[PDB]
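Structural characterization, general
Letter by letter, the chains look like this.
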Amino acid sequence: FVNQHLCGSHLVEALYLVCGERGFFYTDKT
Amino acid sequence: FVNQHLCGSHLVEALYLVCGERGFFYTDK
Amino acid sequence: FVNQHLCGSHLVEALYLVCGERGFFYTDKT
Amino acid sequence: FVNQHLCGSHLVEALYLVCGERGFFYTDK
Amino acid sequence: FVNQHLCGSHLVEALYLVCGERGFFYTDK
Amino acid sequence: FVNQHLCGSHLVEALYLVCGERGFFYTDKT
Amino acid sequence: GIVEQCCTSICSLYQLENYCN
Amino acid sequence: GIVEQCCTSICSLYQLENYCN
Amino acid sequence: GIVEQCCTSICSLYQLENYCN
Amino acid sequence: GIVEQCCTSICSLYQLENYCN
Amino acid sequence: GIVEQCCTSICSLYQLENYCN
Amino acid sequence: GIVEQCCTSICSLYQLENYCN
Ligand SMILES: Cc1cccc(O)c1
Ligand SMILES: Cc1cccc(O)c1
Ligand SMILES: Cc1cccc(O)c1
Ligand SMILES: Cc1cccc(O)c1
Ligand SMILES: Cc1cccc(O)c1
Ligand SMILES: Cc1cccc(O)c1
Ligand SMILES: [Cl-]
Ligand SMILES: [Zn+2]
Ligand SMILES: [Zn+2]
């Protein structure tokens, strides 16, 4: 797995891939 | 099971633009 | 809808989504 | 009507690389 | 021949995240 | 073809498109 | 859900904004 | 232009539809 | 158009550059 | 939050799964 | 290859990491 | 390398095909 800043859409799709069937939850900025 | 996984990549990505900060939830079942 | 700089490809796909069936026109830099 | 919409997302995106500044038009019908 | 080309765009993109620096190879045949 | 910095994923997909059936090889940072 | 409704047929941004928050 | 307005600045949805057909 | 020609079968960058400008 | 940790800093795979369901 | 194995059915990140390096 | 040439600088199409197989 990459050592990169992940930002914006690149974050969402990555979570998309990292969670798979569990799914996920993006709050954007907290 | 691809064409609903490849499809969700386009969906998740579009939710990000449309909701922005509000955020979202991506799960089912 | 997001409050973000949209740049490059991220601009095109967003317009893609914002216009839908109307379609659109990208000139890049003017 | 998905597989031609999901497909156009890949097309629009590729036109952007290939034309760059010249720009393009994405409509039909 | 689209649905395996459009599909490889999603694959190549995911390999990039998962391998990062290690790198990869994308060819067949 | 664009005159842009291409980085990260944007590099891979572009090569994806530039090579077509030949395919390619990404090393990331060398 | 969204997959059944947006993958079969296209959703517009407006429909997609139903799955927000 | 689109780019000067929505990349080197931020753009509303509304400001973005100006660039539809 | 492009959709009929690039979605059914793959276009190469070269073909796609026909829909430019 | 996800963003403050993995955008304005870098995130492990592990640090990223915290944000799964 | 990968196309046959990841395009027909989904691969997970773990499977995809078999095609690395 | 690809990255040092086409990310931390800009790359021609030609300069990009060097990295094909
Ligand atoms: C529709 C669906 C099923 C399983 C996981 C998900 O994130 C979404
Ligand atoms: C082919 C097509 C139809 C309708 C809208 C578009 O942007 C493109
Ligand atoms: C599977 C496959 C065939 C031809 C070219 C590629 O890059 C990959
Ligand atoms: C923008 C988008 C992507 C994928 C499916 C949809 O219905 C809409
Ligand atoms: C690069 C690309 C994307 C989608 C369809 C095509 O024919 C080619
Ligand atoms: C993430 C991903 C994309 C495309 C196909 C797959 O099997 C998995
Ligand atoms: Cl970026
Ligand atoms: Zn990007
Ligand atoms: Zn796709």
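Residues numbered from 1 in each chain as written, not as in the entry; some residues may be left out. Chains lettered and ligands numbered in written order. Heavy atoms only, no water.

Per the PDB record, the structure was determined using X-ray crystallography to 2.500 Å resolution.

1. So, the coordination of the zinc ion (ligand 9)
Only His-10 of chain B (NE2), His-10 of chain D (NE2) and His-10 of chain E (NE2) from the protein coordinate the zinc ion (ligand 9), and they sit 1.8 to 2.0 Å from it. Residue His-10 of chain D is located in helix α1 (residues 2–19), and its partner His-10 of chain E is located in helix α1 (residues 2–19); the two belong to separate chains. For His-10 of chain E, a relative accessible area of 14% translates into the label buried. (Donors = N, O, S within 2.8 Å, 3.2 Å for Na, K, Ca; no water. Helix = DSSP H or I, 4+ residues; strand = E, 2+ residues; numbered from the N terminus. Buried < 20%, exposed > 50% of the residue type's maximum accessible area, 1.4 Å probe, protein only.)

2. Describing the coordination of the zinc ion (ligand 8)
Around the zinc ion (ligand 8), the protein supplies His-10 of chain A (NE2), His-10 of chain C (NE2) and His-10 of chain F (NE2) as donor atoms, at distances of 2.0 to 2.3 Å. Taken together, the residues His-10 of chain C in helix α1 (residues 9–19) and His-10 of chain F in helix α1 (residues 9–19) connect one chain to another.

3. Overview of the packing of aromatic side chains
Within the structure shown, the criterion is met by 21 aromatic pairs over all chains. An angle of 75° between the planes, with centres 6.0 Å apart, marks the rings of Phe-24 of chain A and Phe-24 of chain B as edge-to-face. Separated into two different chains, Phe-24 of chain A in strand β1 (residues 24–26) and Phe-24 of chain B in strand β1 (residues 24–26) make up a pair that spans both. Grouping residues by exposure puts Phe-24 of chain A and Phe-24 of chain B together as buried. Note on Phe-24 of chain E and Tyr-26 of chain F: the rings are 5.8 Å apart at their centroids and 35° apart in plane angle, and the pair reads as tilted. Residue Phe-24 of chain E is found in strand β1 (residues 24–26), and its partner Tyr-26 of chain F is found in strand β1 (residues 24–26); the two belong to separate chains. Across the pair, exposure class does not vary: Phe-24 of chain E and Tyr-26 of chain F are buried alike. Chaining the aromatic ring pairs together yields one cluster made of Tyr-16, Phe-24 and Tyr-26 of chain A together with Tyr-16, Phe-24 and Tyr-26 of chain B. (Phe/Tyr/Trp six-rings, centres within 6.5 Å; stacked < 30°, edge-to-face > 60°.)

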